[PDB]
file data.pdb (PDB, C-alpha atoms)
ATOM      1  CA  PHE L   1     122.613  78.592  86.716
ATOM      2  CA  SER L   2     124.085  78.488  90.237
ATOM      3  CA  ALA L   3     127.179  80.421  89.145
ATOM      4  CA  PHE L   4     125.492  83.778  88.467
ATOM      5  CA  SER L   5     122.300  83.529  90.548
ATOM      6  CA  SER L   6     121.342  83.853  94.205
ATOM      7  CA  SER L   7     118.164  82.449  95.733
ATOM      8  CA  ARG L   8     115.898  83.525  98.576
ATOM      9  CA  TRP L   9     112.441  82.891  99.993
ATOM     10  CA  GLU L  10     110.046  85.844 100.039
ATOM     11  CA  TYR L  11     106.336  86.275 100.711
ATOM     12  CA  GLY L  12     103.983  87.621  98.076
ATOM     13  CA  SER L  13     100.385  87.681  97.008
ATOM     14  CA  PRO L  14      99.056  84.982  94.650
ATOM     15  CA  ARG L  15      96.044  87.174  93.831
ATOM     16  CA  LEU L  16      95.858  90.951  93.463
ATOM     17  CA  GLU L  17      92.602  92.882  93.194
ATOM     18  CA  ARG L  18      91.946  96.421  92.018
ATOM     19  CA  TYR L  19      88.816  98.577  92.138
ATOM     20  CA  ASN L  20      88.537 101.383  89.585
ATOM     21  CA  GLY L  21      92.223 101.439  88.704
ATOM     22  CA  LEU L  22      93.354 101.408  92.334
ATOM     23  CA  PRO L  23      94.602  98.457  94.404
ATOM     24  CA  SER L  24      91.977  97.050  96.711
ATOM     25  CA  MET L  25      90.898  94.394  99.175
ATOM     26  CA  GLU L  26      87.411  92.908  99.081
ATOM     27  CA  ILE L  27      85.562  92.248 102.334
ATOM     28  CA  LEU L  28      82.264  90.421 102.784
ATOM     29  CA  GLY L  29      79.888  90.377 105.699
ATOM     30  CA  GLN L  30      76.354  90.035 106.988
ATOM     31  CA  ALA L  31      74.482  92.325 109.350
ATOM     32  CA  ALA L  32      73.798  90.528 112.613
ATOM     33  CA  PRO L  33      70.272  89.154 113.131
ATOM     34  CA  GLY L  34      67.644  91.750 113.943
ATOM     35  CA  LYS L  35      69.778  94.481 112.357
ATOM     36  CA  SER L  36      69.447  96.232 109.014
ATOM     37  CA  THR L  37      72.126  96.571 106.355
ATOM     38  CA  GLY L  38      72.269 100.364 106.347
ATOM     39  CA  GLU L  39      73.350 100.450 109.983
ATOM     40  CA  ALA L  40      75.938  97.706 109.499
ATOM     41  CA  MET L  41      77.405  99.630 106.564
ATOM     42  CA  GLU L  42      77.352 102.851 108.595
ATOM     43  CA  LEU L  43      79.380 101.070 111.273
ATOM     44  CA  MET L  44      81.776  99.864 108.577
ATOM     45  CA  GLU L  45      82.226 103.453 107.397
ATOM     46  CA  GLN L  46      82.865 104.603 110.966
ATOM     47  CA  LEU L  47      85.461 101.869 111.476
ATOM     48  CA  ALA L  48      87.125 102.723 108.162
ATOM     49  CA  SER L  49      87.372 106.434 108.974
ATOM     50  CA  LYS L  50      89.946 105.433 111.620
TER      51      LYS L  50
ATOM     52  CA  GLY N   1      99.515  71.710 117.161
ATOM     53  CA  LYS N   2     100.826  73.447 114.045
ATOM     54  CA  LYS N   3      98.674  76.532 114.665
ATOM     55  CA  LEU N   4     101.844  78.315 115.802
ATOM     56  CA  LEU N   5     102.703  79.211 112.205
ATOM     57  CA  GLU N   6      99.353  80.802 111.336
ATOM     58  CA  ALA N   7      99.368  82.466 114.767
ATOM     59  CA  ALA N   8     102.795  84.079 114.438
ATOM     60  CA  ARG N   9     101.617  85.183 110.997
ATOM     61  CA  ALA N  10      98.540  87.077 112.208
ATOM     62  CA  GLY N  11     100.446  88.203 115.297
ATOM     63  CA  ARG N  12      98.512  86.567 118.146
ATOM     64  CA  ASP N  13     100.433  86.809 121.415
ATOM     65  CA  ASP N  14      97.707  85.496 123.734
ATOM     66  CA  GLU N  15      96.923  82.557 121.449
ATOM     67  CA  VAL N  16     100.617  81.737 121.004
ATOM     68  CA  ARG N  17     101.014  81.684 124.786
ATOM     69  CA  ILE N  18      97.942  79.448 125.083
ATOM     70  CA  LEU N  19      99.111  76.927 122.487
ATOM     71  CA  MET N  20     102.608  76.850 123.974
ATOM     72  CA  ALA N  21     101.090  76.182 127.389
ATOM     73  CA  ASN N  22      99.258  73.280 125.734
ATOM     74  CA  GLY N  23     102.669  71.986 124.615
ATOM     75  CA  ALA N  24     102.881  72.956 120.948
ATOM     76  CA  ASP N  25     106.018  72.279 118.921
ATOM     77  CA  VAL N  26     107.888  75.578 119.045
ATOM     78  CA  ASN N  27     110.276  74.686 116.190
ATOM     79  CA  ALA N  28     107.491  73.458 113.908
ATOM     80  CA  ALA N  29     108.795  73.871 110.364
ATOM     81  CA  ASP N  30     106.843  74.460 107.168
ATOM     82  CA  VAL N  31     107.400  73.261 103.604
ATOM     83  CA  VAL N  32     110.096  75.937 103.142
ATOM     84  CA  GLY N  33     111.877  75.352 106.454
ATOM     85  CA  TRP N  34     110.568  78.408 108.291
ATOM     86  CA  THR N  35     109.695  78.568 111.985
ATOM     87  CA  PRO N  36     107.501  80.942 114.005
ATOM     88  CA  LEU N  37     110.696  82.924 114.586
ATOM     89  CA  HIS N  38     111.159  83.314 110.830
ATOM     90  CA  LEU N  39     107.602  84.581 110.394
ATOM     91  CA  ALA N  40     107.588  86.817 113.469
ATOM     92  CA  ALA N  41     110.791  88.416 112.168
ATOM     93  CA  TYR N  42     109.485  88.720 108.605
ATOM     94  CA  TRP N  43     106.260  90.411 109.758
ATOM     95  CA  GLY N  44     107.742  92.382 112.663
ATOM     96  CA  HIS N  45     106.167  90.711 115.710
ATOM     97  CA  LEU N  46     108.443  91.400 118.674
ATOM     98  CA  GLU N  47     106.182  90.141 121.473
ATOM     99  CA  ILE N  48     105.931  86.736 119.812
ATOM    100  CA  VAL N  49     109.673  86.321 119.291
ATOM    101  CA  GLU N  50     110.193  87.250 122.942
ATOM    102  CA  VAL N  51     107.635  84.624 123.969
ATOM    103  CA  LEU N  52     109.110  81.906 121.746
ATOM    104  CA  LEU N  53     112.556  82.738 123.126
ATOM    105  CA  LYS N  54     111.194  82.239 126.645
ATOM    106  CA  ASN N  55     110.174  78.694 125.626
ATOM    107  CA  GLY N  56     113.158  77.146 123.849
ATOM    108  CA  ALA N  57     113.229  78.452 120.280
ATOM    109  CA  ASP N  58     116.290  77.801 118.120
ATOM    110  CA  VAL N  59     117.382  81.268 116.979
ATOM    111  CA  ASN N  60     120.111  79.930 114.658
ATOM    112  CA  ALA N  61     117.800  77.706 112.625
ATOM    113  CA  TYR N  62     118.043  77.688 108.842
ATOM    114  CA  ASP N  63     115.511  77.183 106.059
ATOM    115  CA  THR N  64     116.006  75.107 102.907
ATOM    116  CA  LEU N  65     118.415  77.793 101.640
ATOM    117  CA  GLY N  66     120.296  78.796 104.794
ATOM    118  CA  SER N  67     118.544  81.921 106.109
ATOM    119  CA  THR N  68     118.316  82.473 109.853
ATOM    120  CA  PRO N  69     115.707  84.872 111.272
ATOM    121  CA  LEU N  70     118.504  87.452 111.442
ATOM    122  CA  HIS N  71     118.535  87.677 107.645
ATOM    123  CA  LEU N  72     114.816  88.448 107.678
ATOM    124  CA  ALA N  73     114.912  90.907 110.579
ATOM    125  CA  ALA N  74     117.805  92.744 108.903
ATOM    126  CA  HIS N  75     116.450  92.776 105.340
ATOM    127  CA  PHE N  76     113.312  94.573 106.577
ATOM    128  CA  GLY N  77     114.315  97.087 109.258
ATOM    129  CA  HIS N  78     113.229  95.353 112.483
ATOM    130  CA  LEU N  79     115.829  97.165 114.557
ATOM    131  CA  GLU N  80     114.511  95.733 117.846
ATOM    132  CA  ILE N  81     114.150  92.063 116.919
ATOM    133  CA  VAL N  82     117.738  92.244 115.659
ATOM    134  CA  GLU N  83     118.938  93.240 119.128
ATOM    135  CA  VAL N  84     116.708  90.604 120.729
ATOM    136  CA  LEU N  85     117.952  87.736 118.558
ATOM    137  CA  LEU N  86     121.535  88.913 119.046
ATOM    138  CA  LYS N  87     121.317  89.126 122.842
ATOM    139  CA  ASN N  88     119.618  85.732 123.089
ATOM    140  CA  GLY N  89     122.568  84.420 121.061
ATOM    141  CA  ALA N  90     122.627  84.347 117.268
ATOM    142  CA  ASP N  91     125.348  83.805 114.686
ATOM    143  CA  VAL N  92     125.973  87.350 113.449
ATOM    144  CA  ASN N  93     128.210  86.057 110.630
ATOM    145  CA  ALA N  94     125.862  83.234 109.582
ATOM    146  CA  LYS N  95     125.826  82.360 105.882
ATOM    147  CA  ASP N  96     123.320  80.841 103.482
ATOM    148  CA  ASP N  97     123.759  78.618 100.430
ATOM    149  CA  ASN N  98     124.683  81.809  98.539
ATOM    150  CA  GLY N  99     127.163  83.191 101.080
ATOM    151  CA  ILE N 100     125.296  86.220 102.424
ATOM    152  CA  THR N 101     125.451  87.521 105.990
ATOM    153  CA  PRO N 102     122.914  89.961 107.451
ATOM    154  CA  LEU N 103     125.428  92.745 106.776
ATOM    155  CA  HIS N 104     124.738  92.603 103.042
ATOM    156  CA  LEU N 105     120.989  92.513 103.662
ATOM    157  CA  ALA N 106     121.045  95.508 106.008
ATOM    158  CA  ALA N 107     123.343  97.365 103.593
ATOM    159  CA  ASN N 108     121.445  96.817 100.335
ATOM    160  CA  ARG N 109     118.318  98.219 101.997
ATOM    161  CA  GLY N 110     120.464 100.975 103.525
ATOM    162  CA  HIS N 111     119.569 100.325 107.177
ATOM    163  CA  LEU N 112     122.293 102.079 109.156
ATOM    164  CA  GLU N 113     121.022 101.232 112.647
ATOM    165  CA  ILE N 114     121.097  97.472 112.089
ATOM    166  CA  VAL N 115     124.527  97.687 110.444
ATOM    167  CA  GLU N 116     125.953  99.557 113.429
ATOM    168  CA  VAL N 117     124.364  97.028 115.791
ATOM    169  CA  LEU N 118     125.723  94.007 113.916
ATOM    170  CA  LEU N 119     129.181  95.585 113.765
ATOM    171  CA  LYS N 120     129.033  96.262 117.505
ATOM    172  CA  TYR N 121     128.151  92.594 118.058
ATOM    173  CA  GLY N 122     131.101  91.353 115.996
ATOM    174  CA  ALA N 123     130.104  91.351 112.325
ATOM    175  CA  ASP N 124     132.962  90.675 109.913
ATOM    176  CA  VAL N 125     133.056  93.538 107.401
ATOM    177  CA  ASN N 126     135.650  91.835 105.154
ATOM    178  CA  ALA N 127     133.230  89.007 104.346
ATOM    179  CA  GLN N 128     132.692  87.759 100.798
ATOM    180  CA  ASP N 129     129.735  86.208  98.995
ATOM    181  CA  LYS N 130     129.668  83.680  96.149
ATOM    182  CA  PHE N 131     130.721  86.530  93.824
ATOM    183  CA  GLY N 132     133.380  88.066  96.082
ATOM    184  CA  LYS N 133     131.390  91.169  97.060
ATOM    185  CA  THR N 134     131.315  92.610 100.575
ATOM    186  CA  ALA N 135     129.162  95.280 102.207
ATOM    187  CA  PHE N 136     131.520  98.077 101.140
ATOM    188  CA  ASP N 137     131.031  97.236  97.460
ATOM    189  CA  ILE N 138     127.279  97.068  98.083
ATOM    190  CA  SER N 139     127.308 100.588  99.523
ATOM    191  CA  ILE N 140     129.508 101.731  96.630
ATOM    192  CA  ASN N 141     127.093 100.436  93.994
ATOM    193  CA  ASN N 142     124.018 101.714  95.849
ATOM    194  CA  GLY N 143     125.602 105.168  96.096
ATOM    195  CA  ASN N 144     125.162 105.353  99.882
ATOM    196  CA  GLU N 145     128.106 107.214 101.396
ATOM    197  CA  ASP N 146     126.749 107.356 104.958
ATOM    198  CA  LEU N 147     126.997 103.579 105.305
ATOM    199  CA  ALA N 148     130.333 103.657 103.472
ATOM    200  CA  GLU N 149     131.759 105.908 106.185
ATOM    201  CA  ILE N 150     130.033 103.967 108.978
ATOM    202  CA  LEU N 151     131.897 100.914 107.658
ATOM    203  CA  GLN N 152     135.232 102.585 108.503
TER     204      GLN N 152
ATOM    205  CA  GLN X   1     103.998 122.410  88.119
ATOM    206  CA  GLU X   2     105.227 118.986  86.989
ATOM    207  CA  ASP X   3     104.662 117.404  90.412
ATOM    208  CA  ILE X   4     101.106 118.758  90.432
ATOM    209  CA  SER X   5     100.654 117.428  86.900
ATOM    210  CA  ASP X   6     101.878 113.996  87.992
ATOM    211  CA  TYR X   7      99.493 113.949  90.939
ATOM    212  CA  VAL X   8      96.546 115.057  88.802
ATOM    213  CA  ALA X   9      97.323 112.372  86.228
ATOM    214  CA  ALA X  10      98.116 109.396  88.452
ATOM    215  CA  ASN X  11      95.559 110.007  91.184
ATOM    216  CA  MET X  12      92.726 112.012  89.611
ATOM    217  CA  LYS X  13      92.628 111.906  85.804
ATOM    218  CA  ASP X  14      91.555 108.270  85.485
ATOM    219  CA  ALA X  15      88.732 108.536  88.025
ATOM    220  CA  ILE X  16      87.457 111.625  86.205
ATOM    221  CA  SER X  17      87.597 110.197  82.681
ATOM    222  CA  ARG X  18      85.873 107.089  84.067
ATOM    223  CA  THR X  19      83.021 109.237  85.414
ATOM    224  CA  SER X  20      79.404 109.562  84.313
ATOM    225  CA  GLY X  21      79.000 111.964  81.405
ATOM    226  CA  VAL X  22      82.685 112.708  80.863
ATOM    227  CA  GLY X  23      83.758 112.026  77.306
ATOM    228  CA  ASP X  24      87.285 113.378  77.230
ATOM    229  CA  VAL X  25      89.947 114.820  79.520
ATOM    230  CA  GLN X  26      92.903 116.927  78.401
ATOM    231  CA  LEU X  27      95.648 117.108  81.003
ATOM    232  CA  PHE X  28      97.447 120.459  81.143
ATOM    233  CA  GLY X  29     100.734 118.783  81.941
ATOM    234  CA  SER X  30     102.252 115.333  82.003
ATOM    235  CA  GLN X  31     102.737 112.585  84.539
ATOM    236  CA  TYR X  32     106.164 111.600  85.780
ATOM    237  CA  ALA X  33     108.619 109.551  83.757
ATOM    238  CA  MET X  34     112.219 108.520  84.303
ATOM    239  CA  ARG X  35     114.077 110.975  82.113
ATOM    240  CA  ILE X  36     117.656 109.971  81.353
ATOM    241  CA  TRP X  37     119.635 112.912  80.007
ATOM    242  CA  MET X  38     122.701 111.996  77.970
ATOM    243  CA  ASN X  39     125.851 113.991  77.277
ATOM    244  CA  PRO X  40     127.945 112.948  74.249
ATOM    245  CA  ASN X  41     131.117 113.985  76.072
ATOM    246  CA  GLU X  42     130.616 111.657  79.044
ATOM    247  CA  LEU X  43     129.679 108.935  76.545
ATOM    248  CA  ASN X  44     132.678 109.269  74.227
ATOM    249  CA  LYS X  45     134.743 109.235  77.425
ATOM    250  CA  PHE X  46     133.636 105.593  77.697
ATOM    251  CA  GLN X  47     133.188 104.911  73.957
ATOM    252  CA  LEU X  48     129.448 104.487  74.444
ATOM    253  CA  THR X  49     126.255 105.408  72.617
ATOM    254  CA  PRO X  50     122.538 105.875  73.336
TER     255      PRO X  50
END

call {"tool": "encode", "arguments": {"input": "data.pdb", "output": "C-alpha cells"}}
result
Amino acid sequence: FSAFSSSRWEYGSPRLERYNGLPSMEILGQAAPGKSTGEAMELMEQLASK
Amino acid sequence: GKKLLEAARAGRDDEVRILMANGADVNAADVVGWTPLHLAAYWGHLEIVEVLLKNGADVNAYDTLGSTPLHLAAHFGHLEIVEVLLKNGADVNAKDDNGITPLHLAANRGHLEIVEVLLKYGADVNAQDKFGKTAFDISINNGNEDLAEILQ
Amino acid sequence: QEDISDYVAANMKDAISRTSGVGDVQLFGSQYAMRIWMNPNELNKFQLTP
C-alpha cells in the first residue's frame, strides 16, 4: 500500500450538525441572574448581526 | 503545562505569553507529533508563531510523518508565516516520509505568492517525490499556466 | 437563467417546500450539475467510449 499512496495529517470535524438542511453550530446559554431570557436572546441577535 | 496546544489552537496570544513566562514546554508534542508551531501555522496565527520563535521554538520539527510547519503554512495560503518561518531559518527543501517539499503543496493549491517566496529562498524546482513528480508536472495536471511560467 | 435557477433550488426551494401549508413546489428551472459534453471525434482519436 505504500507504493501508490501518500499520507498526511489533517484536521476535521468528528461531528457535523445541520438545521433545516443547512450546516449549523448549536450554542447553549443561560441569561445572567436577575435578567430575563428575551433580553438575553435580543443581545444574542444583536451580536449575531455583526 | 500542556495548555500551549489548546491555546495556539484558539489563538490566545496573551495566555501563550503568560504560560511561557511560567516556563511551559514550548516544543510540547501531541499524539501526532505536532507542536504549537504546527497548529499556529495550520490555523493562521501569526502573533503566536512570532512569540514562540522569540522563546526557542524548533521551526524544523517534524511530526510522525515528516511535515514541518512550512508544509502546513504553504498548503493553506499563510503567505506571512511562510516568510517568518523562512527568515527565522527553516529547511525550504525539507521532505516527509512521502517525499514532498512545500513547493508541491503551494503548487497543488495554486498559491503563486508562496511559490515565488520559496523559490527566492532557494527552493529546488527539479525535486522529485516518491512517484517522480515535481511541481511543474503538478501545474501541468492542474491546468495552471501562471505557475508554470513562474517556474521558469 | 440557469444560475438563478440553481440559486433558487439550492438556497430557497427546500426551505419553501418545508414550510407551513406548502404541499408542492415546481421549480421553473434546474439546479446546477456537472455536465460533461462528449465528442465522438475526440474520443475515437484516443480509441475511447462514453

call {"tool": "closest_residue", "arguments": {"input": "data.pdb", "among": "L:12, L:22, L:48, L:37", "to": "chain N", "atoms": "all atoms listed in the file"}}
result
L:12

call {"tool": "residues_around", "arguments": {"input": "data.pdb", "residues": "residue 39 in chain N", "least_positions_apart": "2", "cutoff": "12 Å", "atoms": "all atoms listed in the file", "output": "mmCIF file with C-alpha atoms, in the frame of the given file"}}
result
data_model
loop_
_atom_site.group_PDB
_atom_site.id
_atom_site.type_symbol
_atom_site.label_atom_id
_atom_site.label_comp_id
_atom_site.auth_asym_id
_atom_site.auth_seq_id
_atom_site.Cartn_x
_atom_site.Cartn_y
_atom_site.Cartn_z
ATOM 1 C CA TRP L 9 112.441 82.891 99.993
ATOM 2 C CA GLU L 10 110.046 85.844 100.039
ATOM 3 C CA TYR L 11 106.336 86.275 100.711
ATOM 4 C CA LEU N 4 101.844 78.315 115.802
ATOM 5 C CA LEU N 5 102.703 79.211 112.205
ATOM 6 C CA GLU N 6 99.353 80.802 111.336
ATOM 7 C CA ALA N 7 99.368 82.466 114.767
ATOM 8 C CA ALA N 8 102.795 84.079 114.438
ATOM 9 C CA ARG N 9 101.617 85.183 110.997
ATOM 10 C CA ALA N 10 98.540 87.077 112.208
ATOM 11 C CA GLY N 11 100.446 88.203 115.297
ATOM 12 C CA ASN N 27 110.276 74.686 116.190
ATOM 13 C CA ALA N 28 107.491 73.458 113.908
ATOM 14 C CA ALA N 29 108.795 73.871 110.364
ATOM 15 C CA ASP N 30 106.843 74.460 107.168
ATOM 16 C CA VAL N 32 110.096 75.937 103.142
ATOM 17 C CA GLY N 33 111.877 75.352 106.454
ATOM 18 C CA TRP N 34 110.568 78.408 108.291
ATOM 19 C CA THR N 35 109.695 78.568 111.985
ATOM 20 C CA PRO N 36 107.501 80.942 114.005
ATOM 21 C CA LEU N 37 110.696 82.924 114.586
ATOM 22 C CA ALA N 41 110.791 88.416 112.168
ATOM 23 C CA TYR N 42 109.485 88.720 108.605
ATOM 24 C CA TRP N 43 106.260 90.411 109.758
ATOM 25 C CA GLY N 44 107.742 92.382 112.663
ATOM 26 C CA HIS N 45 106.167 90.711 115.710
ATOM 27 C CA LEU N 46 108.443 91.400 118.674
ATOM 28 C CA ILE N 48 105.931 86.736 119.812
ATOM 29 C CA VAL N 49 109.673 86.321 119.291
ATOM 30 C CA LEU N 52 109.110 81.906 121.746
ATOM 31 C CA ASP N 63 115.511 77.183 106.059
ATOM 32 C CA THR N 68 118.316 82.473 109.853
ATOM 33 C CA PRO N 69 115.707 84.872 111.272
ATOM 34 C CA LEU N 70 118.504 87.452 111.442
ATOM 35 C CA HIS N 71 118.535 87.677 107.645
ATOM 36 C CA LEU N 72 114.816 88.448 107.678
ATOM 37 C CA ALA N 73 114.912 90.907 110.579
ATOM 38 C CA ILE N 81 114.150 92.063 116.919
#

call {"tool": "resolve_selection", "arguments": {"input": "data.pdb", "expression": "the PyMOL selection byres ((chain N and resi 110) around 9)", "output": "list in words"}}
result
residues 105, 106, 107, 108, 109, 111, 112, 115, 139, 142, 144 and 147 of chain N

call {"tool": "resolve_selection", "arguments": {"input": "data.pdb", "expression": "the PyMOL selection byres ((chain N) within 9 of (chain L))", "output": "PyMOL selection string"}}
result
chain N and resi 32+42+63+65-67+97-98+130-131

call {"tool": "closest_residue", "arguments": {"input": "data.pdb", "among": "X:1, X:38, X:15, X:8", "to": "chain L", "atoms": "all atoms listed in the file"}}
result
X:15

call {"tool": "resolve_selection", "arguments": {"input": "data.pdb", "expression": "the PyMOL selection byres ((chain L) within 12 of (chain X))", "output": "VMD selection string"}}
result
chain L and resid 19 to 22

call {"tool": "write_last_selection", "arguments": {"input": "data.pdb", "atoms": "C-alpha atoms", "output": "mmCIF file, in the frame of the given file"}}
result
data_model
loop_
_atom_site.group_PDB
_atom_site.id
_atom_site.type_symbol
_atom_site.label_atom_id
_atom_site.label_comp_id
_atom_site.auth_asym_id
_atom_site.auth_seq_id
_atom_site.Cartn_x
_atom_site.Cartn_y
_atom_site.Cartn_z
ATOM 1 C CA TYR L 19 88.816 98.577 92.138
ATOM 2 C CA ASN L 20 88.537 101.383 89.585
ATOM 3 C CA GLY L 21 92.223 101.439 88.704
ATOM 4 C CA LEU L 22 93.354 101.408 92.334
#

call {"tool": "atom_distance", "arguments": {"input": "data.pdb", "atom1": "CA of residue 90 in chain N", "atom2": "CA of residue 14 in chain N"}}
result
25.8 Å

call {"tool": "atom_distance", "arguments": {"input": "data.pdb", "atom1": "CA of residue 136 in chain N", "atom2": "CA of residue 148 in chain N"}}
result
6.2 Å

call {"tool": "atom_distance", "arguments": {"input": "data.pdb", "atom1": "CA of residue 26 in chain N", "atom2": "CA of residue 56 in chain N"}}
result
7.3 Å

call {"tool": "residues_around", "arguments": {"input": "data.pdb", "residues": "residue 26 in chain L", "least_positions_apart": "4", "cutoff": "12 Å", "atoms": "only C-alpha atoms", "output": "VMD selection string"}}
result
chain L and resid 15 to 19

call {"tool": "write_last_selection", "arguments": {"input": "data.pdb", "atoms": "C-alpha atoms", "output": "short mmCIF file (atom, residue, chain, number, x, y, z; two decimals), keeping the file's coordinate frame"}}
result
data_model
loop_
_atom_site.label_atom_id
_atom_site.label_comp_id
_atom_site.auth_asym_id
_atom_site.auth_seq_id
_atom_site.Cartn_x
_atom_site.Cartn_y
_atom_site.Cartn_z
CA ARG L 15 96.04 87.17 93.83
CA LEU L 16 95.86 90.95 93.46
CA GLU L 17 92.60 92.88 93.19
CA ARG L 18 91.95 96.42 92.02
CA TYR L 19 88.82 98.58 92.14
#
